[PDB]
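Notes for the structure review
Single-letter residue listing:
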Amino acid sequence: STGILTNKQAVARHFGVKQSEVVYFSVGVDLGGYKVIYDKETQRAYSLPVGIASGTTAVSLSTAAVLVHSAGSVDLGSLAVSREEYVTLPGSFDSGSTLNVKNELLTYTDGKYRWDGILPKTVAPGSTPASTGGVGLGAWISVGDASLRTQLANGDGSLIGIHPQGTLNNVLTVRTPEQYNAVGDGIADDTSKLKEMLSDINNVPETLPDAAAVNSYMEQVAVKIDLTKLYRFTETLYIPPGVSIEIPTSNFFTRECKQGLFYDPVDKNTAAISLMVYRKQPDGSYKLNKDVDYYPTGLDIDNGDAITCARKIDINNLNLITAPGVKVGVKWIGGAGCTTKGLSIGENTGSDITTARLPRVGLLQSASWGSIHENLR
Amino acid sequence: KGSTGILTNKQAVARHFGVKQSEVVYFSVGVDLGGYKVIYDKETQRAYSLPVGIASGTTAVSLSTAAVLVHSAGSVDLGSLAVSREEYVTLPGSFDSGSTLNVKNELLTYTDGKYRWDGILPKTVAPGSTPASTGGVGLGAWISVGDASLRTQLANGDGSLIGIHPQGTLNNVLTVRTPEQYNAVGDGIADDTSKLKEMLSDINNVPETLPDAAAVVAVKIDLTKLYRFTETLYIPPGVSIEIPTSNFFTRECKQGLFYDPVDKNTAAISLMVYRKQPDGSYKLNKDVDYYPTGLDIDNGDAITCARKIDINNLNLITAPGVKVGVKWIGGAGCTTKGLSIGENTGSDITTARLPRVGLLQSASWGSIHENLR
Ligand SMILES: [Zn+2]
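Residues numbered from 1 in each chain as written, not as in the entry; some residues may be left out. Chains lettered and ligands numbered in written order. Part of a larger assembly, values for the part shown. Heavy atoms only, no water. Residues with missing side-chain atoms left out of burial classes, pairs and counts.

In its metadata, the entry names X-ray crystallography as the structure determination method and reports 1.800 Å as the resolution.

Within the PDB entry, the label attached to chain B reads Tailspike protein, and the organism entered is Escherichia phage Cba120.

Under the PDB entry, the name given to chain A is Tailspike protein, and the organism recorded is Escherichia phage Cba120.

As structure tokens, then:
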């Protein structure tokens, strides 16, 4: 009775309306002029649509907050969603719950969701949005600031619109070692970072069944890599097919290289960078060449003794420096039709050559018909 | 009774703001404001957090319908303070229904989120309004508020909400266009023709017909998937097309363009040349066999609309039997690097995905093709 009045007061203050603007549902009640309706059964309140005339009377109110009156029908649940007027249910996806209204939210570990499908919706204990219908229209829809933060943080850019149309993920096509948390100071060992970056472009196994297998990997999507800092690495890097490597500008024999790759192995009887050539094993399989002195010959290709796995490789301005004493800078083996521009090998460390950061042999190349090196340094 | 109603109301206000019941005061002329955290207006039935620093002894003088409170020590716009604390009221109704806003912390709901009015109050909103049609969005106008608004703003923006280093915003540095922006499938199966065309058109929308010769900004396109298309693509002036690397006798193309027309007596790709009509107007050439002569370019029978075009590493695949791969006609000073035409499909050239004629070029003085394959 007066619990009614104090409740209308509580409801009114929650919605920012007047006490007189809250009406309790009951069959026959005049809905005219009220701003909020209260269901005394479910103990939920809902903003009412504007434009209910005097003398329009309530007929029914479902547990999904569908209101029927003498003049028509309205889904108060959807209206509430449009107004961001939500109820966050007790519990979580992990506890399980049952949802009855469009404006009910269920908490997950990464934020809240509303259910956009058939109501009522039962959620079992130990559930996730993925295991209970997935996300998207007609299913779970992410709601609220906490959810937005985590979606942005873990997303791919699809939430960010760009011009003239589309979204950010549509135009991000370049990889950097910084995506892999490379330190890039020429001091830390960034080897594993660089290898994962390359492997994420094209991950070819070091051992393969037959010839069809090794050739299957030149048929992969090509990706551009941007190197903007200085990466120390300690093991030979094998460039897989379909890689384009890029640096802003070429080094012209500068003293302290601050952008590029610094090869610093324990074993100096090696190459910094090599293309991929697979060599036939006794059993008929093929293993990726790791031998520093090996290079394929036209004969080797024809015999089947070697299969090249170096197609669609492009270098633009790569600076490669090397610890003093390293045998070979770049092994351009099997690189038919592959191209290079502004490839710089060796550092002008200073006057003493025995202490300079440059290889004994700069570049070793075979089986590379139709390859082009521009502005090689 | 009344005093009871006042205590229970203070209780409801206090629960809403998370303060103590004793910390809520009703506005009345002369009330001491010291120590209270929230003020309630009986008339409008609105509550507002009070600024800290109101001294005991400071008394209320007036409180307007815009929530401007005047007291004995000064004045404060409670609506403005509420905005800073993200304490709003979402008005009944919507832009559709129309409304009147009186306070700075009132939000009006629109289909894509909520907005507050940052201009002169009160603000009347006619039924059937939109923020854009009633003052636009920005300082002194409609300001978007809340998570629903932020989501739609981000989703439909250009990146101007996202700061980048060393300064500026994301939109300042986005200089690459892509078929994925137009929702191209890029599987080499779906027909991506209209998508590619819209992409090119958005860069330079040269009509197929031009009134006179006088009638007849450059942008970089990145192609990273495999797009099947079914009608000749006409490359407009001012286009730079790029792919990460070029193919070289590649067996299965998984990156580039695949021309798969019903009518095979056509070109996959063509530059634009306009030919003079008997009435003096010009029409884009669409004849596969046509090429402009130097003389044509001189006597105006043909007008070149192919300057500033660059191609890096484009791979072009063609259904077997297609007449021409690329028509480089009128491409004076235009450049190409690693253009690859034709697929090494298999031993039977009859079924290979390559054209009868790879490249046809005329009127392209000063043109350079590097590592053409
Ligand atoms: Zn409340």
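Focus on the overall build of chain B
Operational definition: Strands here mean DSSP runs of E at least two residues long; helices mean DSSP runs of H or I at least four residues long; both are numbered from the N terminus.
Along chain B, the regular secondary structure elements total 5 helices and 30 strands. Principal-axis analysis of the C-alpha atoms places the extent of chain B at approximately 95 × 50 × 40 Å.

Quick notes on the overall build of chain A
Heads up, the rule is: Atoms counted for the radius of gyration: C-alpha only. Globule rule: 2.2 Å times residue count to the power 0.38.
Regarding its fold elements, chain A presents 6 helices and 31 strands. The C-alpha radius of gyration computed for chain A amounts to 33 Å, which surpasses the reference 21 Å derived for 377 residues by more than 25%, pointing to a less compact arrangement than a globule. Judged by the C-alpha coordinates and their principal axes, chain A covers about 100 × 50 × 40 Å.

Observations concerning the domain arrangement of chain A
All names here are of chain A. Selection rule: An automatic or database domain assignment supplies the residue ranges for each domain. Contacts are assigned to residue pairs that have any heavy atoms within 4.5 Å of one another. Summed over both partners, the accessible surface that disappears when two parts come together, traced with a 1.4 Å probe, is what is meant by buried area. Salt bridges, as used here, are contacts in which a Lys or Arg side-chain nitrogen is within 4 Å of a carboxyl oxygen on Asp or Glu. The definition of a polar contact used here is a pair of N or O atoms within 3.5 Å, where within protein one atom must be able to donate a hydrogen and the other to accept one, and adjacent residues in sequence count solely through side-chain atom pairs. Classes in brief: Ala, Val, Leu, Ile, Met, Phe, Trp, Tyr, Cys and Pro nonpolar; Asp, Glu, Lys and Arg charged; the others, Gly included, polar.
Taken as a whole, chain A is organised into domain 1 (1-84) and domain 2 (85-155). Distance between the C-alpha centres of domain 1 and domain 2: 25 Å. Between domain 1 and domain 2, the contact holds 14 residues from the first and 10 residues from the second. The largest per-residue losses of area from domain 1 upon contact with domain 2 belong to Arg44, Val81 and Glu84, which jointly make up 46% of the total buried on that side. Applying the counting criterion to the domain 1 and domain 2 interface returns 2 salt bridges. Here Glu104 and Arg44 are joined by a salt bridge, their closest N and O atoms 2.7 Å apart. Joining domain 1 to domain 2, the criterion identifies 4 residue pairs in polar contact. For the side of domain 1 that touches domain 2, the elements supplying multiple residues, two or more each, are β3 (44-47) and α2 (76-82). The dominant element in the side of domain 1 that touches domain 2, judged by the number of residues it contributes, is α2, at 4 residues. Looking at the side of domain 1 that touches domain 2 residue by residue, the classes come out as 6 nonpolar, 4 polar and 4 charged.

Regarding the interface of chain A and chain B
Across the boundary between the two partners, chain A contributes 52 residues, which contact 55 residues of chain B. Elements supplying a minimum of two residues to the side of chain A that touches chain B: α1 (2-15), β12 (140-143), α3 (145-154), β16 (223-226), β19 (243-246) and β31 (372-374) of chain A. Residue classes in the side of chain A that touches chain B are distributed as 19 nonpolar, 20 polar and 13 charged.

A few points about the UniProt feature "binding site: Zn(2+)" (unreviewed entry) in chain B
Note the threshold: UniProt positions are given in the numbering used here, feature names are shortened, and annotations may be inferred rather than shown by experiment.
Using the residue numbers shown here, the UniProt feature "binding site: Zn(2+)" (unreviewed entry) corresponds to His16 of chain B. Here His16 of chain B is to be found in helix α1 (residues 2-17). Discounting chain neighbours no more than four positions away, the residues touching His16 of chain B are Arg13 and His14 of chain A.

Some points on empty space enclosed by the protein
Residue and element names in this part refer to chain B. To keep things clear, this is the line we draw: Only protein atoms enter the calculation, which uses a 1 Å grid: trapped sets of points that fit a 1.4 Å probe without letting it out are cavities, open sets showing protein on both sides within 12 Å along at least five of seven lines are pockets, and any residue with an atom within 4 Å of a point is a lining residue. Grid points are joined across faces, edges and corners, and a volume is the space filled by probe spheres set on the points.
Empty space within the largest cavity amounts to approximately 140 Å³. Lining the largest cavity are 15 residues, with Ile235, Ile241, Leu257, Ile269 and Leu314 positioned closest to its centre. Taken together, the elements giving at least two residues each to the lining of the largest cavity come down to α4 (193-203), β18 (233-235) and β26 (324-329). Counting residues per element, the lining of the largest cavity draws most heavily on α4, which supplies 3 residues. Per-class residue counts for the lining of the largest cavity are 15 nonpolar, no polar and no charged.

A word on the domain arrangement of chain B
Residue and element names in this part refer to chain B. Domain boundaries assigned for chain B yield domain 1 (1-86) and domain 2 (87-157). A C-alpha centroid distance of 25 Å is found between domain 1 and domain 2. Every contact between the two is made by 14 residues of domain 1 and, on the other side, 10 residues of domain 2. Buried area between domain 1 and domain 2, both sides added, is near 1,000 Å², and the carbon and sulfur share of it is 54%. It is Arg46, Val83 and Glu86 in domain 1 that bury the most area against domain 2; as a group they hold 46% of the surface buried on that side. Applying the counting rule to domain 1 against domain 2 returns 2 salt bridges. Here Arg46 and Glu106 are joined by a salt bridge, their closest N and O atoms 2.8 Å apart. Viewed at the interface, domain 2 and domain 1 are joined by 4 residue pairs in polar contact. Elements supplying a minimum of two residues to the side of domain 1 that touches domain 2: β3 (46-49) and α2 (78-84). Take the side of domain 1 that touches domain 2: its biggest share by element is 4 residues, from α2. For the side of domain 1 that touches domain 2, the per-class residue count stands at 6 nonpolar, 4 polar and 4 charged.

Points about the packing of α3 of chain A against helix α3 (residues 147-156) of chain B
A pair of packed helices is characterised by two quantities: the angle between their axes and the separation of those axes. We count it as follows: Orientation is described by axes fitted as lines to C-alpha atoms, over the contacting stretch for helices, and by angles from 0 to 180 degrees between their N-to-C directions. In what follows, roughly perpendicular refers to angles from 65 to 115 degrees, roughly parallel to angles under 35, roughly antiparallel to angles over 145, and oblique to any angle outside these ranges. Crossings are assigned a handedness: left-handed for a near helix turned anticlockwise from the far helix by less than a right angle, right-handed for a clockwise turn.
Contact pair α3 of chain A / α3 of chain B: the axes reach a minimum separation of 9 Å and the direction vectors enclose 30°. Classified by the angle their axes make, α3 of chain A and α3 of chain B are roughly parallel. Considering the relative orientation of α3 of chain A and α3 of chain B, their crossing is left-handed. From α3 of chain A, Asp145, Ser147, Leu148 and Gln151 of chain A reach across to α3 of chain B, where they touch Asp147, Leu150 and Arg151 of chain B.

Things to note about the pairing of strand β7 (residues 89-94) of chain B
The side chains of a regular strand alternate, residue by residue, between the two faces of the sheet. Residues and elements named next belong to chain B. Rules: Buried, partly exposed and exposed residues are distinguished by accessible area as a fraction of the type maximum, computed with a 1.4 Å probe on protein chains only: under 20%, between the cut-offs, and over 50%, respectively. At least two DSSP bridges between two strands are required for those strands to pair.
Extensive coverage of β7 is indicated by the burial of 5 of its 6 residues. With 3 bridges connecting them, β7 and strand β9 (residues 106-110) associate as parallel partners. Directly across from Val89, in β9, lies its bridge partner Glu106.

Re the sheet that holds strand β20 (residues 260-263) of chain A
Residues and elements named next belong to chain A. Pairing in this open sheet of 5 strands is parallel, and the strands run β14-β17-β20-β26-β29 from one edge to the other. Only two strands of the sheet have a single neighbouring strand rather than two, namely β14 (185-189) and β29 (344-345). Of the pairings in the sheet, the one linking β14 to strand β17 (residues 230-233) comprises 2 bridges and is parallel in character. Considered in β17, the bridge of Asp185 is made with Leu230. In this fold helix α4 (residues 191-201) packs onto β14, β17 and β20, with an angle of close to 100° to the strand it touches most, β17.

Overview of α3 of chain B
Those residues of α3 of chain B lying buried are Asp147, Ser149, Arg151 and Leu154 of chain B. Residues of α3 of chain B that are buried sit in contact with β12 and α3 of chain A together with β10 (113-117) and β12 (142-145) of chain B.

Focus on the UniProt feature "binding site: Zn(2+)" (unreviewed entry) in chain A
The sites that UniProt annotates as "binding site: Zn(2+)" (unreviewed entry) are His14 of chain A. The class for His14 of chain A is exposed, based on a relative accessible area of 53%.

Focus on the packing of aromatic side chains
Residue and element names in this part refer to chain A. Rules: Side-chain rings of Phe, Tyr and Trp (the six-membered ring for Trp) are treated as a pair once their centres are within 6.5 Å; stacked means planes under 30 degrees apart, edge-to-face means over 60, and tilted covers the remaining angles.
Taken as a whole and judged by the stated rule, the model has 15 aromatic pairs over all chains. Between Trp115 and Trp140 the ring centres are 4.9 Å apart and the planes differ by 65°, which places this aromatic pair in the edge-to-face class. With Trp115 in strand β10 (residues 111-115) and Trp140 in strand β12, this pair connects stretches of sequence that are 25 residues apart. Taken as a pair, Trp115 and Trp140 share a single burial class, namely buried. Site record: aromatic cluster; members linked through ring pairs are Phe93, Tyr108, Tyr113, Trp115 and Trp140.

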